[PDB]
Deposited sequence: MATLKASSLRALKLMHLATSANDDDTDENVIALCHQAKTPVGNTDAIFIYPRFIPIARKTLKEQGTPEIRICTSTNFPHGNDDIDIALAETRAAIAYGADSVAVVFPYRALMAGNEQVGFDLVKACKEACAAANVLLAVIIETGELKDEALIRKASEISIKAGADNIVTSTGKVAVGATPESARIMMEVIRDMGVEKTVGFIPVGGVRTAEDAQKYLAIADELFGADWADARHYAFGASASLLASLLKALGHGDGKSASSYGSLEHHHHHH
């Protein structure tokens, strides 16, 4: 019941991930006997069918998140932006664009800034939030992790995100802490949230991830707008099991 209280908390912070059939089932999985995940995360094309299914089962407040420049994080701005504009036209509540991390690793900090800033202008124009996935498991270095997060934040990111879930290494407690300390060190905790993708597998993992946030900013900071678990139904069935379900 410290574990049950934080399990419930984490369940409601979930951005539940994973065909028309799979996405429909996903929406039904997001609606649980103890409450609803905050959102789902799906490919842009599935947004209209998801919106409808979520509307039908009585859960229109469950948000729909999606990804662009994904999963590779290439450095073509116009492609990243056209993808982001389509995501919006589909009805996304937020878009996770992949930061051009290879470009930053080959010494180019400016293309990450321009790219994030172009997708942010599109999203803000439509009242859509922009998340930025820096892909910590590829950047690897603490210094590059800070750097990608700071550029993202200056370019207007609303949320910074560890990972795509598509490479070998997702979130670790250490990359999570580095990224949140950038939010702290720039003093932008009102305007910027955080999302670990990968690395959270169990109810006990989630509890530990939130405790980093609570210790950094206080226990009120991590609210639906400022913290999400970018995760699948294994985390969810863990969280629910921890609740007697």
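Residues of the deposited sequence that lack C-alpha coordinates fall in the stretches 1, 20 to 25, 253 to 271.
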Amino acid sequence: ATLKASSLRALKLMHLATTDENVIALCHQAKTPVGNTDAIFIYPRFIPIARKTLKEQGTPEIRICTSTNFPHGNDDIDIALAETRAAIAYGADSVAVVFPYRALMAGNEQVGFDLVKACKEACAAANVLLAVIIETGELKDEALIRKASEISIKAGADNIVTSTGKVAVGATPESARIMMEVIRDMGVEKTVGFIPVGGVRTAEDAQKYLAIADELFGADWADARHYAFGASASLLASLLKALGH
From here on, numbers count along this sequence of modelled residues.
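Set 157 to 165 against 105 to 113 and average the Cα temperature factors; 105 to 113 ends up higher.
The question of which stretch, 65 to 73 or 197 to 205, has the higher mean Cα B factor is settled in favour of 197 to 205.
Going by the entry's values, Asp141 shows the largest Cα B-factor out of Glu135, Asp93, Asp141, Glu83. Placement of the Cα temperature factor of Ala224 within the chain: middle third of the modelled residues, per the deposited record. Ranked by C-alpha B-factor against the other modelled residues of its chain, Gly35 falls in the middle third. Per the deposited record, the Cα B-factor of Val97 falls in the lowest third when ranked against the other modelled residues of its chain.
Residue-level temperature factors show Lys52 in the highest third of its chain, judged at the C-alpha atom. Per the deposited record, the Cα B-factor of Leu210 falls in the highest third when ranked against the other modelled residues of its chain.
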